[PDB]
Amino acid sequence: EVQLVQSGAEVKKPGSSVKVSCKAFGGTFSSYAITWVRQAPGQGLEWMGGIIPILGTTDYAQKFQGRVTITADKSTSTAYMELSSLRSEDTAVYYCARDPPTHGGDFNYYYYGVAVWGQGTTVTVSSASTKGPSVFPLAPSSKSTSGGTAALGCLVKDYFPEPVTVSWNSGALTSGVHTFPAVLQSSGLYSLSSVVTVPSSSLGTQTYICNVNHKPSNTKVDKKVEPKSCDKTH
Amino acid sequence: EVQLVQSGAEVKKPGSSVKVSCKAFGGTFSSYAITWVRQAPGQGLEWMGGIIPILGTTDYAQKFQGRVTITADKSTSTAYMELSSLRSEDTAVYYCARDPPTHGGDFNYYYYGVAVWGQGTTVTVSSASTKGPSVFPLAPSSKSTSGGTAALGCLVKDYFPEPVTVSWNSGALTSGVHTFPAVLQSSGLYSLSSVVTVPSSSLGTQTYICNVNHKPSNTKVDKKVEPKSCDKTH
Amino acid sequence: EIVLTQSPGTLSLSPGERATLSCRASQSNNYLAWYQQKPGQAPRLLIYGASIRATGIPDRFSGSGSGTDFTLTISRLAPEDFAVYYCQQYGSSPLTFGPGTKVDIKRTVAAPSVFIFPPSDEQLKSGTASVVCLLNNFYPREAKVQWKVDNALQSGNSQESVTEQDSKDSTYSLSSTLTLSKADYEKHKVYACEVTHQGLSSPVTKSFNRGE
Amino acid sequence: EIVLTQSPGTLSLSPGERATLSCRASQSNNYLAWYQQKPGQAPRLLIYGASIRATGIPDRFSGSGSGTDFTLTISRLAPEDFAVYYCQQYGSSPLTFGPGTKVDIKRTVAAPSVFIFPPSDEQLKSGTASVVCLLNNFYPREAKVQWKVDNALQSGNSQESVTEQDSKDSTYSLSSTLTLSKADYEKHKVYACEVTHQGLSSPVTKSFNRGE
Amino acid sequence: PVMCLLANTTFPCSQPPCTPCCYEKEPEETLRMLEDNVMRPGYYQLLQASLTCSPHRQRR
Amino acid sequence: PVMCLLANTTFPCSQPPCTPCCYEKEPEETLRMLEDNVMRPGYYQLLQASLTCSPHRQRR
Amino acid sequence: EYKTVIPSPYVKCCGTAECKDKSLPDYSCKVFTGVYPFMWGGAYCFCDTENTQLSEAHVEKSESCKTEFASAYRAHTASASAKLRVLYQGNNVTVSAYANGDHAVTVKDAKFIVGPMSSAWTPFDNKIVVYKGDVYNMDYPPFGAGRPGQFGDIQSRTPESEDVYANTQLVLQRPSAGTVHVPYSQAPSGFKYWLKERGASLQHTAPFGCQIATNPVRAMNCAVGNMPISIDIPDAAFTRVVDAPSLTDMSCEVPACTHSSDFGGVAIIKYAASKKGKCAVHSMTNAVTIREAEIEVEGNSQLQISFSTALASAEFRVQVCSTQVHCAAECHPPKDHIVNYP
Amino acid sequence: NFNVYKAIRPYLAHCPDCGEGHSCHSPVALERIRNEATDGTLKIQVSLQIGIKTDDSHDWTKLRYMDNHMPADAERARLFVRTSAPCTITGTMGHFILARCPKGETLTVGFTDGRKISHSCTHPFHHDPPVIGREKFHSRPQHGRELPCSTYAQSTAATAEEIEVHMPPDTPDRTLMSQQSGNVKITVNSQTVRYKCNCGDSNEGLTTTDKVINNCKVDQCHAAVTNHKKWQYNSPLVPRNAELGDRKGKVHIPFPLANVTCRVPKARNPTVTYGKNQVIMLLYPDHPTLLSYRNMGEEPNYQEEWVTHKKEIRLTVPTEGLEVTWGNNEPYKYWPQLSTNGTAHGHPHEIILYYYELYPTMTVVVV
């Protein structure tokens, strides 16, 4: 299988250029018609109304340019894509790492005998400013949850950008803890959940603390966890 | 299914008797035509002429009825056996490890099932007492192989019984190691060797050692190793 | 022309055995291919149709077509085969992707494992009432949010968006945030969060108090 | 009666692909059970043939038969899947077991390992002429040891100590060692080990010294 | 053909419903589980999965 | 099944007898491999393993 | 062979069961009133009256119908094949062909067209049944109109087909006093009864000495009619009248002659010939067959030919490469009465 | 799946003849004898279960009959089946026996109870297997030809052939009730029971405890074990639970048919000698052997006889040839030679005699 690569994720503002990149390797020194497919947050695969296969002309589908302007490039193993003067709704994951998309009905045709896919990459067209979660619920309060049967855990709110750094008493708690990640909220900000869900006779015995940081900003917090089943909460 | 567990390897004097055993589950619930193959180095394999159905009677036939005599036993959820008056010719690795046969010539027939295998056992027919290993290269001086262009090796001989916990740096070095299973001599005492295949310049630096270690005699062996086909030994 | 359409709009199966996804259009001629997306992750190739097979991986998943219709099957689907599935044929004036048929691994049955958590506690400048309701662990998604706060049935006066699936469990989440004005952290002594769900036809709830 | 006659005496392959084994009999009319064994391991079930199928080891196999012939096909030899392979079908009436076929995967053909090594320096009482040579990687399987000893030819008291395949290198061994008297190499210098492999009609050899 | 059902849900022919063991957890399960969908070809794998009860030691 | 051959040797088709990227290393390989050998039912897979070699630049 | 399926009978205590009609291949059910059946520990019903038993049954194909079945065919006409030895350029070669005037075969660059056979005759009637190795001319009954206890008691369009017609006249009967059984009267299988009452196969009964086989079905080696055979021979094969030996001054003796049908005549022909060479021999009188097709001729010498006839005075001409001789002697009858070769 | 004999269990059912010429309830009740196999092997279906123990282990030494309400162990080495002399059993699994057996008007199957009583069931069953080929041979010869036949293949490999199962009916038992002080008591020995009465109380229903029903005598009450956690075959001669035919399952039934060759003898050579237009044959049948013959001409005049003892035959051989096929041998061919005692070349009374022996049709016309 052809090996595929992209440029890392981005944060952007409307009315400017984004210079995304892709690289394809092992054979494919001229691109095997790889194509800049794109998926908007959580939707079904409504795709790139822009770029179809390219390596000689910047061919798009019958939709974009009309709202927002896009193009792509044909360098050896190396398929740049430029999307420019964009708007918030152009926030998506972009999957350049794709097969030949054979253009039935106008020009020429493509192979079957090898698979090719890969990872996606994100551009975050967004209104927010660099801000950790720690200053909101986590710094002033104790962390607490009430379930009594098995629903026990912690929460994190309104950090930007990604990613979260999250931890618990002596690190070993992460082997029993389950963690439930974010996506960009409509306000331009992220929210994260993490839980220690076990029946009370197999949970009530220990003592618990939780630790969070936002590595774009280093706003660290460490705090007392008060689950309702433990006697530290009685 | 039919799931089996035997005892490990054992030692018996010539003319002695051996209650070989096999506890069963995987369903089964009680004794169910649990069956055998037993093997030695040579040109083929053999069905043991005491076991196919085991519990209508012991499975003596047109052959094996003679100079050696055996019993197969009707034990609860278990296939016990006893092999008696055994001699040098009975020294073998045994596999009480088949579920039902279908032995055509009797008035009856079996299922096809899941038909998975058990695991083996061994009887070492021999006279010797426990004896220590340190002979030929082992005791007073350094070890130095003059052949093999990318490797080096040891010997262990005239010890009894197995096991021997033989390895480089007492088992802390394994990175290119091979060890060769111990073979029974006509004295009943074992012979063995072990080696390391580390790149000649990477052997050409550190302290390197191979240790013999033997629980029955309560003995261990240790001295420095440096071979001819290596970079620290010019 | 056409637009591809996939025959199952929902499916749900235990670990093991078999699936049979299907897609249709009034023509074929140039290969459609079937692609699997795990939740939060990029697609990958499983199949080609129209006349001849291709694959990226050993033959646990395989597929074929007849006339107008094209299919994808998965064998012994016990693994991470919670996924949404698509196909496309690329060319000329529009033809596009299929809609996304989704199939899942049938978790053990349980009621909504929902949560509630304390806000910015001591300070009362503005916005510090902001507790959150989260949907968690339950399936399938016949569900909607509900609230029991200000001692009544609440809707409106909240900050709202979805969040990712429960990783070591099974299903989707959200961060419904009660953006009440200022003193509302301590006006009303009870908060309770709720689920409305057209399979359960009834509420399920959790609640907390300050220090528990 | 009959004898389960496997056709190939050895079949040598490549680490990723497929092959077919075959067994001949005039009759069977019952299930024929196929086994794999590695050295130092218990046997295990591949498949049933001659009657109708069931399969043991994870599904990368097939079996079939007609007339006199019963057969097994292996696949996906990506690991070091060297073994001896067998077929068998039980007792009561005298018919027994197959002869067994060894199967292996491609090796870079090269000279043997030759671990030539005399006894320890101080304890001459142990028999200092008792030199060691463990041998490995002679290819294919048909070999013995021979010696040059005290400038003469020798083979008596050679404890060949024959041994299994190298644990990551799928090729044969023998832990050979002469058992000989006190001083002797303390008097006579000219000595060598010979890897008398019949497939070359001649040995590969190494010669050695007391201090080097 | 297309897959079988449990009549509780359009669950496929043979799979474990929540655990192995079936009849050995309640012997009147056959009463519910094996009445009619045995007329669909895939249900012979339900007789494999149910009656080869598969508690922890039954293994591959 | 059935398999390929080369001179003194018989071997499975779907990886080369020479080291991978074998056409890039020794392009005259066909001038040893394919005198009468074109009759092999495995030749299609020998060809795919020889040229579309999945060479060390690719990944799976 | 059909099977009959009879589910455990429904017994209704204190009242009446009823029949629910269904489409199964020869479905019959009946309700019997006033039963009082016993299980091993006591009576099943509460009361000793008012009870009923609904007994129901239907026929099916057996599981044997996959392997034990007899198959009714219609036969239209023969696609006749033939296999022929020919001695061409003084050596044997085999030509395998279709005997219908189609299919020109080329071998050793001669081209052979064989047939059409001068008789349409075949041992098969238009209606056939076959069973394993044997095949019978048989006017079998219509599909869907087969009769109880005769061949076609049960009929199906192909071995796996579910459309079983069956007509076994399965009639249910009243249970005996006190017991739970289901008695029935039915015509026992007309397939099994045909396997016994079967008669002799075409292999044993057919005219014109023909053999018969069934996978696929053939009539073989019928001694019926005659066969045109036509050869197109390349000009390279013939040797010129000046290249072949010129025989002359030739004369015949017939040392011994018995009209034995096995080449029992022998004749010695003396000749002079102009050169050494291979030389064709032929019998110019139809009533005499010589064995030798060709011989070698050289110098001034003699040749021996062996011959077969029914004549009691074998007077005939032999042609030996473009050259004629007249043979004449009395033939004695054989002693042996009968022989195994034709 | 062979493990299905975990869920399903044996039963008592009615038998027309339990040894002494009387019909009785029997664990050995015989459900169907089937004989589709052309080698004459019988597949026999019986209400025992064999090759399995009471604890559901697949004990190849055991069978598990039915002692009143529950399975109980008995020994497979004492199972028998016979039809005139004893049969040899050639496969046995659950409800199904294979037998190879001598000709007979009746079939009986039997075993030994854990109490060491012996039980059997006897059914009328006309067993006389069809002949393969052209000789009524009794046992396979150690020399002969091979012909196509069919056999119940001895592999139990439970595939293609399958039978229903159902829940049992209620099991009536008159010991479940007793008269005591003018009441009924119902006794309920660890099984769920159903009961009904005609008494002055609406007491009828279901119970898992013992019970007292007031004022009535024991015959005013009826009771049965009603719940059954073990499944059963839906045989005729056991009553249905309800008219729906419900609580179903299935079992695959062992020993499918297979196409297979069987050996048959070739009758020993006839002693043959020849007459004018005749073959004379002296025949040595070891057992009833078929002789057929046909003319090889336009009308075959086909004739046959089954010969049972030494015999001499005189077959007229026409000019068209005769083909004689004796038992399972390849056919003999015969054709007449033009032999005569007369001669041509002799005096006129020789030459007319010569042509009269060769052409008796033409000579009497032309002279």
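For each chain, numbering begins from 1 and proceeds through the sequence as written. The entry may number the same residues differently, and residues missing coordinates are not shown. Chains carry letters and ligands carry numbers; both start at the beginning, A for chains and 1 for ligands, and go up in the order they are written. Part of a larger assembly is shown here, and the values speak for that part only. Side-chain descriptors were evaluated using all non-hydrogen atoms of the structure, hydrogens and water having been removed beforehand.

Identification of chain G as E1 glycoprotein from Chikungunya virus is taken from the PDB entry. For this structure, the PDB entry title reads "Cryo-EM structure of Chikungunya virus asymmetric unit with Fab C9".

Looking up chain E in the PDB entry gives the name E3 glycoprotein, with the organism given as Chikungunya virus.

**Re the overall build of chain G**
Of the regular secondary structure elements, chain G holds 2 helices and 29 strands. Here chain G has a C-alpha radius of gyration of 37 Å; the compact-globule value for 342 residues is 20 Å, and the former is much larger. Its C-alpha atoms put chain G at 120 × 45 × 30 Å along the principal axes. Only protein chains enter the calculation, and the probe is 1.4 Å; a residue is then buried if its accessible area is under 20% of its type maximum, exposed if over 50%, and partly exposed in between. A total of 342 residues make up chain G; the buried ones form 44% of that total. Taking the contacts inside chain G whose residues are at least 6 apart along the sequence as the reference set, 58% of them involve residues at least 24 apart. To measure how exposed things are, a 1.4 Å probe is used in the Shrake-Rupley method; for residues, cover is taken only from the protein chains shown. When the accessible surface of chain G is split by element, carbon and sulfur atoms take 49% of a total near 18,300 Å². Charged residues are defined narrowly, with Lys and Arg counted positive, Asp and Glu counted negative, and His plus the chain ends left uncounted. For this purpose, a charge sits on NZ of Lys, CZ of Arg, CG of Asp or CD of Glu. On chain G, the mean spot of the 29 positive side-chain charges and the mean spot of the 33 negative ones are 2 Å from each other. Here a helix means four or more residues in a row that DSSP labels H or I, a strand means two or more in a row labelled E, and each is numbered from the N terminus. With C-alpha atoms as the basis for the radius of gyration, the globule rule is written as 2.2 Å multiplied by the number of residues raised to the power 0.38. Contact between two residues is taken to exist if any of their heavy atoms lie within 4.5 Å; hydrogens are not considered.

**What to know about the overall build of chain E**
Check the secondary structure of chain E and you find 2 helices and 0 strands. In terms of overall dimensions, chain E is globule-like: its C-alpha atoms have a radius of gyration of 11 Å, near the 10 Å expected for 60 residues. Overall, chain E is about 35 × 25 × 15 Å in size when its C-alpha atoms are taken along their principal axes. Counting the 60 residues in chain E, one finds 38% classified as buried. Working note: accessible area of chain E is about 3,600 Å², and carbon and sulfur atoms make up 56% of it. Looking at chain E, you have 6 positive and 6 negative side-chain charges, and the mean spots of the two groups are 15 Å apart.

**Here's the deal with the nonpolar core**
The biggest cluster of nonpolar side chains holds 78 residues, and the ones touching the most others in it are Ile34, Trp36, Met81 and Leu83 of chain B, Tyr35 and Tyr48 of chain D together with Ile8 of chain H. Leave out the neighbours within four places in its chain, and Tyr48 of chain D touches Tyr112 and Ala115 of chain B together with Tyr31, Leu32, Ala33, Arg53, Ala54 and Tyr90 of chain D. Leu4, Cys22 and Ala61 of chain A together with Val84 of chain C belong to the second largest nonpolar core, which has 44 residues in total. Side-chain atoms within 4.5 Å link the members of a nonpolar core, which is a set of buried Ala, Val, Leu, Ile, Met, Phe, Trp, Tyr and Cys residues.

**A closer look at the side chain of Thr128 of chain D**
With respect to the helices, strands and loops of the structure, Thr128 of chain D is situated in the loop between strand 10 (113–117) and strand 11 (132–136). Apart from the residues lying within four places of it in its own chain, the contact partners of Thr128 of chain D are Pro119, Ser120, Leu180, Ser181, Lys182, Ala183, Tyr185 and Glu186 of chain D.

**Side note on the interface of chain G and chain H**
Taken residue by residue, the interface counts 55 residues in chain G and 66 residues in chain H. When the two sides are added together, the surface that chain G and chain H hide from each other amounts to roughly 5,500 Å², 59% of it contributed by carbon and sulfur. On the chain G side of the interface with chain H, the three residues burying the most area are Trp40, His337 and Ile338 of chain G, jointly 16% of the side's total. Salt bridge criterion: a side-chain nitrogen from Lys or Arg within 4 Å of a carboxyl oxygen from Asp or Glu. Applying the counting criterion to the chain G and chain H interface returns 2 salt bridges. Among the salt bridges present, the one from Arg34 of chain H reaches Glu63 of chain G, with a minimum N-O distance of 2.7 Å. In the analysis that follows, any N or O atom pair within 3.5 Å is treated as a polar contact, provided that within protein one partner can donate a hydrogen and the other can accept it, and provided that, for residues neighboring in sequence, both atoms belong to side chains. On the surface where chain G and chain H come into contact, there are 24 residue pairs in polar contact. Taken together, the elements giving at least two residues each to the side of chain G that touches chain H come down to strand 2 (10–12), strand 4 (38–39), strand 5 (42–43), helix 1 (190–196), helix 2 (202–205) and strand 29 (338–339) of chain G. Broken down by class, the residue content of the side of chain G that touches chain H amounts to 28 nonpolar, 18 polar and 9 charged. Accessible area that two parts lose when put together, with a 1.4 Å probe and added across both, is what the buried area reports. Three categories are distinguished: nonpolar for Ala, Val, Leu, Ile, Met, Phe, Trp, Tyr, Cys and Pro, charged for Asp, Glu, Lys and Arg, and polar for the others, with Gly belonging to the last.

**Quick look at empty space enclosed by the protein**
Cavities and pockets are found on a 1 Å grid laid over the protein atoms alone: a cavity is a set of points where a 1.4 Å probe fits but cannot escape, a pocket is an open set with protein on both sides within 12 Å along at least five of seven lines, and a lining residue has an atom within 4 Å of such a point. Grid points are joined across faces, edges and corners, and a volume is the space filled by probe spheres set on the points. Tallied over the full model, the rule gives 14 cavities of 30 Å³ or more. Looking at side-chain class alone, the lining of the largest cavity contains 10 nonpolar, 6 polar and 1 charged residues.

**A look at helix 3 (residues 43–51) of chain F**
Residue and element names in this part refer to chain F. Along helix 3, the residues that are buried comprise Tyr43, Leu46, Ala49 and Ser50. What you see down the axis of helix 3 is that its buried residues fit within an arc of 125°, all on one side. At its buried positions, helix 3 is contacted by strand 1 (4–6), strand 2 (9–11) and helix 1 (22–25). Taking the helix axis as origin, the arc is that swept by the directions to the C-beta atoms.

**Section: the sheet that holds strand 10 (residues 118–127) of chain H**
Through backbone hydrogen bonds, the strands of a sheet pair up, either in parallel or in antiparallel fashion. All names here are of chain H. In this analysis, strands are considered paired if DSSP registers two or more bridges between them. Reading across from one edge, 7-9-10 is the order of the 3 strands in this open sheet, with antiparallel pairing throughout. Looking along the sheet, the strands with just one partner apiece sit at the ends: strand 7 (80–82) and strand 10. Neighbouring strand axes in the sheet, compared pairwise and without regard to direction, differ in orientation by 15° on average. Across 8 bridges, the pairing between strand 9 (residues 104–112) and strand 10 is antiparallel. Note on strand 10: the bridge partner recorded for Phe111 is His119. Fitting a line to C-alpha atoms yields each axis, with helices limited to the stretch in contact; the angle taken between N-to-C directions then spans 0 to 180 degrees.

**Quick notes on the arrangement of the chains**
Between chains G and H lies the most contact-rich interface of the 12 pairs of chains that touch. Taking C-alpha atoms only, the smallest gap left between chain B and chain C, which are not in contact, amounts to 18 Å. At the level of C-alpha atoms, the two units chain D and chain G stay apart, their nearest approach being 17 Å.

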